[PDB]
Amino acid sequence: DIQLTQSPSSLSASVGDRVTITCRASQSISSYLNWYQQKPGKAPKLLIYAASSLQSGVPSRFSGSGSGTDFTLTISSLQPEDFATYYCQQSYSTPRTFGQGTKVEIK
Amino acid sequence: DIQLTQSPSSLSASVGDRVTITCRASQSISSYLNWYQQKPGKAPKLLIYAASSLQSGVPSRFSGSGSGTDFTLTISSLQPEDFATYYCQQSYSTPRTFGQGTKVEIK
Amino acid sequence: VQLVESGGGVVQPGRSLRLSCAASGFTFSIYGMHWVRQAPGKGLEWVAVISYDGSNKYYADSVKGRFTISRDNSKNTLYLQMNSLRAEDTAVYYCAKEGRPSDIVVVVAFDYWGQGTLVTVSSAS
Amino acid sequence: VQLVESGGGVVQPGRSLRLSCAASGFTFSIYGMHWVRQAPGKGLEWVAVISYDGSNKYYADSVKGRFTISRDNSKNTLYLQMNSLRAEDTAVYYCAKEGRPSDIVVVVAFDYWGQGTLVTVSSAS
Amino acid sequence: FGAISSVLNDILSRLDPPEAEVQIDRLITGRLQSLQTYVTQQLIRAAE
Amino acid sequence: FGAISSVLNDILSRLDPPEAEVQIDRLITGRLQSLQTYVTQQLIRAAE
Amino acid sequence: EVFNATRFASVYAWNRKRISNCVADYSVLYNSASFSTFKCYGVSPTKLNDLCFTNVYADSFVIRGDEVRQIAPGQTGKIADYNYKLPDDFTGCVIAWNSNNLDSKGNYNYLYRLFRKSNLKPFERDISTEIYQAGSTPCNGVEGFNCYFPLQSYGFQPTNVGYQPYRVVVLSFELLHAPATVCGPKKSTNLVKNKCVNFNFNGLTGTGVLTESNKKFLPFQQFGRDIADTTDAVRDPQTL
Amino acid sequence: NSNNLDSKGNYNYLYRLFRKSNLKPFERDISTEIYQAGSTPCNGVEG
Amino acid sequence: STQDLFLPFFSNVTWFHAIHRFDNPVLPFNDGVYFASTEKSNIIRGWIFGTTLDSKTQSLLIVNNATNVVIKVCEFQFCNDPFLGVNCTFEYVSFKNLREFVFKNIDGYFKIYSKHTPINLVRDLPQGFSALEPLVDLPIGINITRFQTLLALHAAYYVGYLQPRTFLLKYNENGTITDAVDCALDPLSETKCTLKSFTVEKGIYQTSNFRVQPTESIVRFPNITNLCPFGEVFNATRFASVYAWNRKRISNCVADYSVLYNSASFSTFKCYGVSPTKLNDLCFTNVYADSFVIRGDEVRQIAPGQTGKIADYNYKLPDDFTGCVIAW
Ligand SMILES: *[C@@H]1O[C@H](CO)[C@@H](O[C@@H]2O[C@H](CO)[C@@H](O)[C@H](O)[C@H]2NC(C)=O)[C@H](O)[C@H]1NC(C)=O
Ligand SMILES: *[C@@H]1O[C@H](CO)[C@@H](O)[C@H](O)[C@H]1NC(C)=O
Ligand SMILES: *[C@@H]1O[C@H](CO)[C@@H](O)[C@H](O)[C@H]1NC(C)=O
Ligand SMILES: *[C@@H]1O[C@H](CO)[C@@H](O)[C@H](O)[C@H]1NC(C)=O
Ligand SMILES: *[C@@H]1O[C@H](CO)[C@@H](O)[C@H](O)[C@H]1NC(C)=O
């Protein structure tokens, strides 16, 4: 199994801040993360795929980067609707797995 | 003389409703209808031409279809500014004629 | 593109009235012209058509013989000479030009309207 | 593209249940399908995946042997046969579609989700 | 001779002249070259 | 012979047929014309 | 019927339609101005109605705007090499027009078949799913890394010209000295013999003196030939 | 470029696509030639 | 002289019996098939042309019921022993006999030929020469791979496979093919085709050209002692600080990018400029290696077209460069 660990598990920040969420894999999967935004009570929404490509309809402030084992999700300037739980997810091999989740709250 | 019959002649709907405005052609004209929106005291505006092609500036919630003698105007999500009388119009041959008009009312 | 109409107003029954429609912003002498009228509180009624060169003219059944459409390609103006006016001729009269976009241009449609002028055929003072 | 889920409800521990996900808006028969579950107030946990043709089926660690995923390309419906249910299996279960946004198809990705259905494994009345 | 068709009329048909000229020109050079050989053979054979 | 390169294998290897055919045709005409001259020289020299 | 058919299949599985034993007039196709592209290679378009063809194949499929250029003789592209390949020499016409009217509602019905076909012979339809092939070490599952499943989907939305869907129909003509099943709408004149007349039989063409022949053809044969393979005897179409 | 002087929508220019079927080289077709595209009727625009 | 799929002369043809308990086994199809059947009681009644013959895919059928010829191309369900006891598409309707048939499938067309010569030799195929006229043509177009025959059950038949040879056909005056020579049958026959005459008189004739086919292949390139020092760059004991990024120039050596690629200790082997597989193949003049140390977040920060502390203040990467960032 490929284990993906997110850090921090949670963080508080205010609107307009620059945030950084990291997901590290037990083994190199080399381009195969997928970043989602989940709100409470509704299904997740895909944000970044191949760890660096922005999915259509998602604002340009969302950005992912990295390959191998060290990966980052970045939101350049927070807005109120971006406070949420974000999961990394590998697709390199089966079984597919998720990160443990990163919650972004208001400071 | 080609006769155009719209059905219904009037209808009541609520904001957000999907409403269908229908036009029948007496003989096959097969792609030629032009749909217009007319509000009381104002000149009509082209919405749909060639019975399915959207006029410039017309919002996408207006949609058209059909060929031969079977044609419809459909609104995916009615807006309060969409309540008006709509006319189908044939252009196969002269003289050009209009449907009797379909009045979209508030339910 | 502009279509400014004039000549409307009150006329005694059986007399005559001429409307004008001033065209600008486009090549007038190349587009066919239409008159369309809307009686008070009723639906749309096609009236007449004149070709780009004025050689071709058609009229609606209810105005045959009485109404004559004309053209002045020099002054870029459309007219409607209304003769033998009657009560049912009371309507808001619009001028408009043919128009076609770019792609499906083979199919002839309708487009931009004049603002309309009011003609009332009534004997009241 | 729509994914309608159903089959949820209250089940006593140790019994079985079948979940359904009706597919529309796309060519179902060409895509893999995933089940993803979310325990109440907990994180996402991948459940099971089936190949487009149903010949290949892989399951997560916690559900091997008990869960069976199936497919009906004629009705465009996805099914998840869950057996030997236990307290930890209580979760909101999502059906999900493979998808790939552009040309980086070497990404094979994750996409649009169903609305999710709640499964409660409990002996309560 | 490296053209679309060996029959000259089929080139006259099957496409308009402005392009067909290119196809015909390829035919001519081949045919003309055939005579050059055939005549030159005769002269030498005629000398024999 | 007014082509890209003298070696036949080059034009074949680097370029696929749709463009190379024009170049190969040029080498054919040049080489084939060269063969005509040698044979015609032999026929004349053979008679002597 | 084919050109204005309501629905056409996706490019990865293009339907092949055989046209034979019918009189075909191409003026109608030529006259319509809805056709964005009427590019013809083997034959000049004006002369289509005049000629006779042994066989006509009609191929229909839907492609994005950018790909129309790839559907050409000796043209290399993503869709050309993988999906639908034209022989460099093929005698035919390419007809293309927009599909935003009839399609582009997001539309995912249309599939275009990527890496899974690396090099493709002309005029074959390839529908094989080939689960995950393109290039990889693990095989034969829903597996991830670098397998990347071939039949990827076009997404057609009214937002999408270069990305707008274009319906394209490709006509391939087969030309040979044989009974031409299909010909244009040309009347037949009466036969004249023993006189220098320019003639075309079954669209054969030529000038000569038509005389009755004592030579007895076998029932299947239609065209005779000489030692130099020059047409000397023909069988009259209308009367055997 | 002609945006600076022209393109104000400027409808002044005409290009005559529909029924101009063919022209010989260096030839101008200034006949309006009302309309043909294909059918028997005339005197209206029609469909 | 014509080139077409013909039966090679003097070939081996399988000879199946309709005697003693016997059967009509399925035989592979091919570019073409030769089917000659000898009869006294007109037993043979059929043919099949399908890829699967099990109703999965289209399978052409030819059967002669008493006075009717039947052709169908449905997905029929054929019995394992398909015999005639004593998504559907097109349909057509209408030993002393040797009813030879040549069933060839070409260019999406299925062509059939025929002949009905009467024979008195019951043992085996008669010496002689009968040409085969084209009986019927029909445009079915199936990826046909298999073949089976249908026998009337209460008449041995031969099967041969056509090949793409070149033949010289001797047309007679009234048009019947009377003789032919298989251009590749034997060296004498090669001459007859080259001379284009059936009689070949005394002498020596040049026909063909001998050739020696290249057997193996060789590709070569000189070995060199100029091995790339990349290992030294990665394995250097001390790297400099990030602000002082050491620039090492690499030239005049052969670089084994693949050995780097295969080695996996490197945590990130990111590449933008060139795909790492092509790196070994593709060769440049100048290679520059930069060495320094940063935190994990900054490993992300050092990327082209990016703004950041390390990204901008001390070491900047242009958007455009062709290169790979390797961090461990
Ligand atoms: C007709 O069907 C046969 C299968 O019966 C196809 O043959 C296969 O071709 C692929 C090439 O992609 C090979 O990998 C397979 O091994 C072949 N099958 C067998 C059993 O060997 C054949 O390609 C089909 N015809 C066409 C034109 O595609
Ligand atoms: C024909 O078959 C025999 C065996 O029956 C074999 O010896 C011979 O080589 C074969 N000939 C050919 C041409 O295959
Ligand atoms: C022969 O076979 C055909 C195939 O369907 C069948 O329809 C027909 O009835 C049979 N008999 C005759 C006499 O044609
Ligand atoms: C008939 O052909 C269609 C074409 O796709 C196919 O979907 C269908 O399964 C076929 N019928 C049967 C019984 O397989
Ligand atoms: C010519 O035709 C007659 C039949 O009328 C036949 O007897 C003769 O054999 C034919 N000649 C040839 C060479 O077949």
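Cβ: placed from backbone, ideal geometry, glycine included. Neighbour counts: every protein chain shown. Coordinate-derived values only; no laboratory data.
Among the residues of segment G:76-91, is there at least one that is in contact with a strand residue (DSSP E or B) (Cβ under 9 Å, 6 or more places away or on another chain), more than 28 Å from residue D:106 (Cβ to Cβ) and at the interface with another protein chain (Cβ under 9 Å from one of its Cβ atoms)?
Checking segment G:76-91: at least one residue is in contact with a strand residue (DSSP E or B) (Cβ under 9 Å, 6 or more places away or on another chain), more than 28 Å from residue D:106 (Cβ to Cβ) and at the interface with another protein chain (Cβ under 9 Å from one of its Cβ atoms).
With respect to residue C:58, determine if the residue is at the interface with another protein chain (Cβ under 7 Å from one of its Cβ atoms) and not basic (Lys, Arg).
For residue C:58, the condition - at the interface with another protein chain (Cβ under 7 Å from one of its Cβ atoms) and not basic (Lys, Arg) - is met.
Just to be sure I understand, how many residues within segment B:55-71 are part of a strand (DSSP E or B) and either facing chain C (nearest Cβ under 8 Å) or in contact with a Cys (Cβ under 7 Å, 6 or more places away or on another chain) (or both)?
Selection size over segment B:55-71: 1.
What single numbered condition from (1) within 11 Å of another protein chain (Cβ to nearest Cβ); (2) surrounded by 19 or more Cβ atoms within 10 Å (Cβ to Cβ) fails to hold for residue G:165?
(1)
Using beta carbons and a limit of 7 Å, which pairs, at least six apart or on different chains, have the first residue in segment I:165-179 and among the small types (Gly, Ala, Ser) and the second one within 14 Å of ligand 5 (Cβ to nearest atom)?
Pairs found: I:175/G:218.
Can you find a residue in segment I:242-257 that is within 23 Å of residue A:70 (Cα to Cα), among the aliphatic types (A, V, I, L, M) and part of a loop (DSSP other than H, G, I, E, B)?
yes
Answer with yes or no whether residue I:84 is away from ligand 4 (no atom under 16 Å from the Cβ) and closer than 26 Å to residue I:21 by Cβ.
yes
On the basis of being over 14 Å from the mean Cα position of the chain (by Cα) and more than 9 Å from every other protein chain (Cβ to nearest Cβ), does residue D:65 make the cut?
yes
Against the condition within 16 Å of ligand 4 (Cβ to nearest atom), surrounded by 11 or more Cβ atoms within 10 Å (Cβ to Cβ) and hydroxyl-bearing (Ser, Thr, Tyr), how does residue I:14 come out, does it pass?
For residue I:14, the condition - within 16 Å of ligand 4 (Cβ to nearest atom), surrounded by 11 or more Cβ atoms within 10 Å (Cβ to Cβ) and hydroxyl-bearing (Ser, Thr, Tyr) - is not met.
I need the full set of residues from segment D:75-116 which are more than 10 Å from the chain's Cα centre (by Cα), among the hydroxyl-bearing types (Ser, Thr, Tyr) and within 14 Å of chain A (Cβ to nearest Cβ), in order please.
D:102, D:112
Looking at (1) over 25 Å from the mean Cα position of the chain (by Cα); (2) basic (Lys, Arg); (3) within 16 Å of ligand 1 (Cβ to nearest atom), which is the only condition residue G:116 fails?
Answer for residue G:116: the failing condition is (1).
Can you name the residue in segment G:202-231 that is within 13 Å of chain I (Cβ to nearest Cβ) and away from ligand 5 (no atom under 16 Å from the Cβ) and is also farthest from residue I:175 (Cα to Cα) among such residues?
Filtering segment G:202-231 for residues within 13 Å of chain I (Cβ to nearest Cβ) gives G:213-227, G:229.
Pick out the ones that are also away from ligand 5 (no atom under 16 Å from the Cβ) and you get G:222-223, G:225-227, G:229.
Numbers: G:222: 13, G:223: 12, G:225: 11, G:226: 12, G:227: 13, G:229: 15 Å.
Out of the qualifying residues, it is G:229.
May I ask you to say which residue of B:98, B:62 is within 21 Å of residue G:159 (Cα to Cα) and hydrophobic (A, V, I, L, M, F, W, C)?
Step by step, each of B:98, B:62 is checked, and only B:62 is within 21 Å of residue G:159 (Cα to Cα) and hydrophobic (A, V, I, L, M, F, W, C).
Pick out, from segment A:5-54, the strands (runs of 3 or more DSSP E) lying fully within it that include 1 or more residues that are of a type in the set (S, T, N, Q) and within 14 Å of chain D (Cβ to nearest Cβ).
It comes to A:10-13, A:33-38.
Restricting to segment I:142-168, and then to whatever is away from ligand 2 (no atom under 16 Å from the Cβ), among the hydrophobic types (A, V, I, L, M, F, W, C) and under 30 Å from the mean Cα position of the chain (by Cα), can you tell me which residue is nearest to the other protein chains (Cβ to nearest Cβ)?
Per the criteria, the residue is I:142.
Go through I:24, I:42, I:12 for me and flag whichever is away from every other protein chain (no Cβ under 14 Å) and within 16 Å of ligand 3 (Cβ to nearest atom).
Every option except I:42 fails the conditions.
Residue-by-condition table, conditions (1) within 14 Å of another protein chain (Cβ to nearest Cβ); (2) on the phi > 0 side of the Ramachandran plot; (3) away from ligand 1 (no atom under 16 Å from the Cβ); (4) aliphatic (A, V, I, L, M):
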residue: I:37; (1), (2), (3), (4): no, no, yes, no
residue: I:47; (1), (2), (3), (4): no, no, yes, no
residue: I:56; (1), (2), (3), (4): no, no, no, no
residue: I:67; (1), (2), (3), (4): no, no, yes, no
residue: I:73; (1), (2), (3), (4): yes, no, yes, yes
residue: I:81; (1), (2), (3), (4): no, no, yes, no
residue: I:99; (1), (2), (3), (4): no, no, yes, no
residue: I:119; (1), (2), (3), (4): no, no, yes, yes
residue: I:129; (1), (2), (3), (4): no, no, yes, no
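Could you list all residues from segment G:119-145 that are within 23 Å of the chain's Cα centre (by Cα) and of a type outside the set (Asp, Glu)?
Passing the criteria: G:119, G:120, G:121, G:122, G:123, G:125, G:127, G:128.
Identify all residues within segment G:92-116 that are away from chain D (no Cβ under 14 Å) and out of contact with any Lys or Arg (no Cβ under 9 Å at 6 or more places or on another chain); write none if there are none.
G:92, G:100, G:101, G:104
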